[PDB]
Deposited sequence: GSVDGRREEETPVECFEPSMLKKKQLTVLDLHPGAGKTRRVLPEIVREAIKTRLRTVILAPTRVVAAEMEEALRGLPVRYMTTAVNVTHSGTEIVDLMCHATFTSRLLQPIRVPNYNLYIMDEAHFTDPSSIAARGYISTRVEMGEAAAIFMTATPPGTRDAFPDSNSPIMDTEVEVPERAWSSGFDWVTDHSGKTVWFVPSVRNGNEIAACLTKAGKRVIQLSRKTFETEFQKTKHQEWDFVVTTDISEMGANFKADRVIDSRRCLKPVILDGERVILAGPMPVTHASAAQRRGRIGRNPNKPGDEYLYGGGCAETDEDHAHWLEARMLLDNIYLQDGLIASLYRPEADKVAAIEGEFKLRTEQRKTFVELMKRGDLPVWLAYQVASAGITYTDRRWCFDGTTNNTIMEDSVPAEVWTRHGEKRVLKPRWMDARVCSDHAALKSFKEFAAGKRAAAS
């Protein structure tokens, strides 16, 4: 029940669930993971390794080079790819060993993957190892590091500034700056670029292509959302942490708002700080943070969305998987409330995979009996659901040649929270889709 600090071969026998909680940068992904894979191959286990992002998967594929590891014999895939396969009639192999790296990731597909895995372990069908420096319930924002970190609470700019904050731009090294949202990041990055800094911006939808730029010498700032908490490695000297995040909230079961900016969890703060202090021979790394931490409330939509996913994943006859027990208190929905019949469930998965809609929104459309290609719901909502861009109602040319105001029947604030998200939703509402 208690987390461990070293891998032991008896962790690979069925019904064992082990949390490996070495401090950030202690060598979990880099040194303990290849040891586990060797022992699994030696014992003929059917194994899957789950990476948080394809960036990290590509990294592990090279560190595991020379072993029989199939990137999608040991299978390698991302959390989202794993949960995605569980949602198709492509009934997944019955692995008897699941290794989940960066097991703290709180996106809905990762929460659902932990629930499925822990249920298989409790069924006695598998063993599992969750690797993370910050397991659920963590209340330490300042864990150990390979080199000592200088922690300082300071006022962190939340918008562009025309004077002051000289300590930001006088720094000579490399800084990673965590922001609560893409739109806040755009404003900070433009202000740094105007000061002559070379800035890379990272978000969940640009991470793959833009993270590559960080592997070079010629940058001063990375401005990033919380996606960089999931095992992203930088060569940086300083982290600036707003200590804030946005929280998706389902108001009354009828809409999703983005609440905040509000304090991050202790686990998030520790992972942000854990981007630096990683070189044991390089003292002096600095963590500058702008406020306190707070634990997640009852109302974070990601855990409810995870139940929407798990209610639609096959397990064994009529069974439905539970959430991983330290996470199971966050949701009030009851097992099975979100189960869909076969055809609506196909629409549900299509809206998420092909439409890039948030889980909650894809469920509302699918359970309404709307088919994937029917976009009338994007335009027939109430007036309060009108989507604005630069303070004017957004309009779209539909597939049928009419210009309509964007006014979805169900409002999820995440489809219009930044320029790239709105562009994608406008294309979806028009019956179009940009080349993947």
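Judged by missing C-alpha atoms, the gaps in the deposited chain sequence fall at residues 1 to 9, 82 to 93, 458, listed in sequence order.
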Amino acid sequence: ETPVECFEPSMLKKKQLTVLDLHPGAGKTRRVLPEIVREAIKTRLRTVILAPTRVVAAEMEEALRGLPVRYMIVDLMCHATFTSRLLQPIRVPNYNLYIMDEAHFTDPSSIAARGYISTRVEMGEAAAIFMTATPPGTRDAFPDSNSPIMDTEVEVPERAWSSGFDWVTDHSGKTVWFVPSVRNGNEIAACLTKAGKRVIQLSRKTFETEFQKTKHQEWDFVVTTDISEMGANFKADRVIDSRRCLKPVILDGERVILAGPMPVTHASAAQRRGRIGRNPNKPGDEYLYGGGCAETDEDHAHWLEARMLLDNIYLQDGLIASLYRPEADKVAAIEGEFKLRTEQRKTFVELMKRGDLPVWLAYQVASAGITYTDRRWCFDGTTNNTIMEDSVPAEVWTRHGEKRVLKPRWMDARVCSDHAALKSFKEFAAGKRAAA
From here on, numbers count along this sequence of modelled residues.
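Rigid core here is just the name for the largest C-alpha set that superposes within 1.5 Å across the two forms.
Between 214 to 222 and 195 to 203, the larger root mean square Cα shift in 4 other deposited structures of this protein, once each structure is superposed on the rigid core, falls on 214 to 222. The stretch that moves more in 4 other deposited structures of this protein, judged by CA deviation after a rigid core superposition and choosing between 365 to 373 and 30 to 38, is 30 to 38.
Stretches 92 to 100 and 107 to 115 differ in mean CA B factor, with 92 to 100 having the higher one.
Per the PDB record, of the two stretches 296 to 304 and 351 to 359, 296 to 304 carries the greater mean B-factor over its C-alpha atoms.
Residue set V48, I41, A51, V396: peak C-alpha B-factor at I41 (per PDB entry).
For the set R139, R275, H171, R198, the PDB entry puts the maximum C-alpha B factor at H171.
Sorting the modelled residues of the chain by their CA temperature factor places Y71 in the highest third. Ranked against the other modelled residues of its chain, the C-alpha B-factor of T152 as given in the entry falls in the middle third.
Sort the chain's modelled residues by C-alpha temperature factor and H266 lands in the lowest third, per the entry. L22: CA B factor in the highest third of modelled residues in this chain (values from the PDB entry).
In the deposited entry, the Cα temperature factor of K426 places it in the lowest third of its chain's modelled residues.
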